[PDB]
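J.: Structural data only, the sequence is not supplied:
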DNA sequence: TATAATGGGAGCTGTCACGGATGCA
DNA sequence: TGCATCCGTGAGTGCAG
């Protein structure tokens, strides 16, 4: 565009403020793409919603915040020796034993059952008075034969194994200790996995954590007007955003940082100028800064 | 072409907020002010002087003008200068320069977003001395007030709180610039009182009321006299170019004499006096026709009582008051021959 | 100062002729 | 390039009014 040229208002907003277009989604319907996501024209962003330009989509208002909280603990399982595969760990989905015929996994203490079911798989915890006695781990293929809140003595069947049994996919086998005795081995696996707890964000509140951020106990996820109805992070986990109000498909260029930023929000800038971090990160394009 | 459909169109571009974007922008504006005096007591400069600098850099150098009230002239050198001992702070202190900047940016989108609301209020204050747009702009003017005073935490929509400052600001303009003769906003307020109460009186009586029928229903401290002189200051002037006749070859102003400047009769009548009285000082004595020519003025007047009379006349204080009598005396006999003075008393 | 309120409203008519500046096959 | 076509500018005097 040359000196002494007549631009309409929109034209001037493009050249001076840049293209961007926000799209609403049917309330509840989730995001076929997700936050931070670079995308381009005609690309499906939700069942009925598709973008008509290029750029870096951004989430507006997540109504559903899910925290995958992290667990690392110790659980055991006894199996026939001629039916388990030897490995010192079990990547998720990884087959760890196969049983010729069904074999019943029996108790090795007495107490009340604390059943803890997972997407695929299950935990079983026994306890005489409210101290724990044992933590058994049912993999995939072992079908529990108890209910939560239930009494078992030594040696009655808890689960039944049938055929192949494999690790679940959310769950890891960090280290695996085995010990033979009789015609069985009893693994104490150092399992690792995470659990979903879905939080609801309300119109007068604002999630204050990015996508995939790490938090400890205490850390604040959502804020609100009154200190109640805030969501604090129960303990260690990391965050996820589903169900935004709608998503803004900007045409910009993102540049993460690690330390103090040298440019504030509002600044005009060209390529090559020093954005943040002592001069490492720098501008690709001509454009308009948004810290 | 039509300067209202024009503005009705620019407005129709900024989308209306939704409940989250409402509370988002409002929230950011609140926090940004907090940020600004946290940002003030760290560096110790001044909240406002600091606020204008946030303001400049967000809107662009497009606008900057030495803001009345700030102590230094806010020229683009002091905005780089001061934006410097700003970005000079630790990431946990210069944390708030990003907060302010975000605030000012949300200030705007929240004003710009809610202009269609002002329109829908000024629309019904028409025909009151101010034009639609004039009313809109005033309306807007108040809207700005509404954001710097909003409290998103009270949970009310924005519409609700602003519909107060908006009409508060129309109504102050309708009442401060409408009349060619500006009358304090409170006198304007009581005037409208007479109007509205007179109207009901008429709707009650079947005829317009008298002065006293107003002073009664207007209550105590109100007499007929005081309703009357209130109405005559209520009185709006009229155009010198008002049309006289159904043609247009005479102006109401053309039938209005110019009382101020002297007429040629008067102009001449003055010059013949102020010398045929100089034609009665140099007739008997010109130093007694000079000390009483300085007991008043040939031009400017010189007359007090006893004080400069006592300074430089040559003579003592109550001796000039005696040749004051004889200077006058001589003129009262002097002016029984040159009797050409009586006419000048009209 | 706090429910909520979010794009206007009235056109005016029955002259004419010339000269200039602009749009269009 | 030549010619519709629109926009802007004029349209008597004085006196009573």
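T.: Alright, I've got the coordinates. Numbering: from 1, shown residues only, chains lettered A, B, ... in the order given.
J.: Which one of the residues in chain A is closest to DNA strand D?
T.: Nearest residue of chain A to DNA strand D, counting by Cβ to the nearest atom of the strand: residue A:6, 20.5 Å away. (C-beta placed from N, C-alpha, C; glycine too.)
J.: Spatially nearest residue to the residue in the stretch 101-250 of chain B that chain A sits nearest to (excluding sequence neighbours)?
T.: The nearest approach of the stretch 101-250 of chain B to chain A comes at residue B:101, 4.2 Å away (Cβ to the nearest Cβ). Nearest non-adjacent residue to residue B:101, counting by Cβ to Cβ, 6 or more residues apart in numbering or on different chains: residue A:265, 4.2 Å away.
J.: Could you give the number of residues near that neighbour?
T.: 21 (other Cβ atoms under 10 Å in any protein chain shown).
J.: ok, it touching residue B:102?
T.: Yes: contact criterion Cβ atoms under 8 Å: residue A:265 and residue B:102 qualify, at 5.7 Å.
J.: Need the overlap of contacts for those two.
T.: Common contacts of residue A:265 and residue B:102, defined by Cβ atoms under 8 Å, 6 or more residues apart in numbering or on different chains, comprise residue A:291.
J.: May I have the beta-bridge partners of residue A:98?
T.: Bridge pairing for residue A:98 (DSSP bridges) gives the partners residue A:164.
J.: Quick one: residues contacting it.
T.: A:83, A:85, A:163, A:164, A:165.
J.: so the residue of the stretch 101-250 of chain B closest to chain A touches residue B:55, yeah?
T.: No: using Cβ under 8 Å, residue B:101 is not in contact with residue B:55; the gap is 9.7 Å.
J.: The residue in chain B positioned nearest to DNA strand C: neighbour count?
T.: Ranking the residues of chain B by distance to DNA strand C (Cβ to the nearest atom of the strand) places residue B:12 first, at 2.0 Å. For residue B:12, the neighbour count with other Cβ under 10 Å is 10.
J.: Without its sequence neighbours, what residue ends up closest to it?
T.: Residue nearest to residue B:12 in three dimensions, not counting chain neighbours: residue B:116, with 7.6 Å by Cβ to Cβ, 6+ apart.
J.: hmm, who's touching the one helix or strand the one you found maps to?
T.: Per DSSP states H and E, residue B:116 falls inside helix B:115-122. The contact list for helix B:115-122 (Cβ under 8 Å, 6+ apart) reads B:8, B:11-12, B:14, B:16, B:132, B:135-136, B:138-140, B:142-143, B:159, B:162-163, B:166-167, B:170.
J.: Give me the subset of those that lies in helices.
T.: Among those, the subset assigned to helices under DSSP state H consists of B:8, B:132, B:135-136, B:138-140, B:142-143, B:159, B:162-163, B:166-167, B:170.
J.: Which of the residues you listed lies at the shortest distance from residue B:308?
T.: Set against residue B:308, the nearest of those by Cβ to Cβ is residue B:138 (57.4 Å).
J.: right, and residue A:152 touches residue A:114 too?
T.: No: with contacts counted by Cβ under 8 Å, residue A:152 stays clear of residue A:114, the gap being 11.4 Å.
J.: Could you pull out the residues contacting both of the two?
T.: residue A:126.
J.: Between those two, which is the more surrounded one?
T.: residue A:152 (19 against 16).
J.: who's in contact with stretch A:111-119?
T.: Contacts of stretch A:111-119 (Cβ under 8 Å, 6+ apart): A:122-128, A:133-134, A:144, A:146-152, A:158, A:168, A:170-171, A:193, A:195.
J.: how about 10 Å then?
T.: Stretch A:111-119 has contacts (Cβ atoms under 10 Å, 6 or more residues apart in numbering or on different chains) with A:107, A:122-136, A:138, A:140, A:144, A:146-154, A:158, A:168-171, A:193, A:195-196.
J.: From these, which land in helices?
T.: Assignment to helices by DSSP H places none of the contacts of stretch A:111-119 there.
J.: Can you turn the buried part of the residues you listed into a ChimeraX selection?
T.: Applying 16 or more other Cβ atoms under 10 Å in any protein chain shown to the contacts of stretch A:111-119 leaves a buried subset, and the ChimeraX line that selects it is:
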select /A:107,122,123,124,125,126,135,136,138,140,144,146,152,158,168,170,171,193
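J.: from the contacts of stretch A:111-119, which ones fall inside strands?
T.: Applying DSSP state E to those, the entries found in strands are A:122-127, A:134-136, A:138, A:140, A:144, A:151-152, A:158, A:193, A:195-196.
J.: How about residue A:270, nearest residue that isn't a chain neighbour?
T.: Excluding its sequence neighbours, the residue lying closest to residue A:270 (Cβ to Cβ, 6+ apart) is residue A:286, at 5.1 Å.
J.: shouldn't that neighbour be in contact with residue A:252?
T.: No: counting by Cβ atoms under 10 Å, residue A:286 sits too far from residue A:252 to count as a contact (11.5 Å).
J.: Quick check: neighbours shared by those two?
T.: Shared contacts of residue A:286 and residue A:252, defined by Cβ under 10 Å, 6+ apart, comprise residue A:18.
J.: For those two, indicate the residue with more neighbours.
T.: Using other Cβ under 10 Å as the criterion, residue A:286 and residue A:252 rank with residue A:252 on top: 17 against 10.
J.: Can you pull the phi/psi pair for the more buried one?
T.: In terms of degrees, to the nearest 10, the main-chain angles of residue A:252 are phi -130, psi -170.
J.: What count of nearby residues applies to the nearest residue to it once chain neighbours are set aside?
T.: Nearest non-adjacent residue to residue A:252, counting by Cβ to Cβ, 6+ apart: residue A:56, 5.5 Å away. Number of residues near residue A:56 (other Cβ under 10 Å) recorded here: 17.
J.: Hmm, residue A:56 is touching residue A:38, no?
T.: Yes: using Cβ under 10 Å, residue A:56 is in contact with residue A:38, at 5.0 Å.
J.: any common contacting residues for the two?
T.: Joint contacts of residue A:56 and residue A:38 (Cβ under 10 Å, 6+ apart) are A:252, A:253, A:254.
J.: pretty sure the last one contacts residue A:58?
T.: Yes: using Cβ under 10 Å, residue A:254 makes contact with residue A:58 at a distance of 9.4 Å.
J.: out of those two, which sits in the busier spot?
T.: Neighbours per residue (other Cβ under 10 Å) separate residue A:254 from residue A:58, with residue A:58 holding more: 17 against 11.
J.: Which residues does that one form beta bridges with?
T.: Taking DSSP bridges, one finds residue A:248 as the beta-bridge partners of residue A:58.
J.: Please name the residues that touch it.
T.: Residues near residue A:58 by Cβ under 10 Å, 6+ apart: A:20, A:22, A:35, A:36, A:37, A:244, A:247, A:248, A:249, A:250, A:252, A:254.
J.: Distance-wise, check the third one relative to residue A:77.
T.: Residue A:35 sits 39 Å away from residue A:77, taking Cβ to Cβ, to the nearest Å as the criterion.
J.: Please say which of those two ends up with more neighbours.
T.: The residue with more neighbours, out of residue A:35 and residue A:77, is residue A:77; 22 against 19, by other Cβ under 10 Å.
J.: Which element, helix or strand, includes the more buried one?
T.: Element membership for residue A:77, per DSSP H and E: strand A:75-80.
J.: So which residues make contact with that strand?
T.: The contact list for strand A:75-80 (Cβ under 10 Å, 6+ apart) reads A:84, A:96-101, A:103, A:105-106, A:108, A:123-125, A:134-139, A:142, A:159, A:161, A:165, A:177-179, A:181-191.
J.: Give me the buried stretch members for the helix ranked longest in chain B, please.
T.: Secondary structure of chain B read by DSSP H shows that its longest helix is helix B:19-43. For helix B:19-43, burial by neighbour count (16+ other Cβ under 10 Å) applies to B:20-33, B:35-36, B:38-40.
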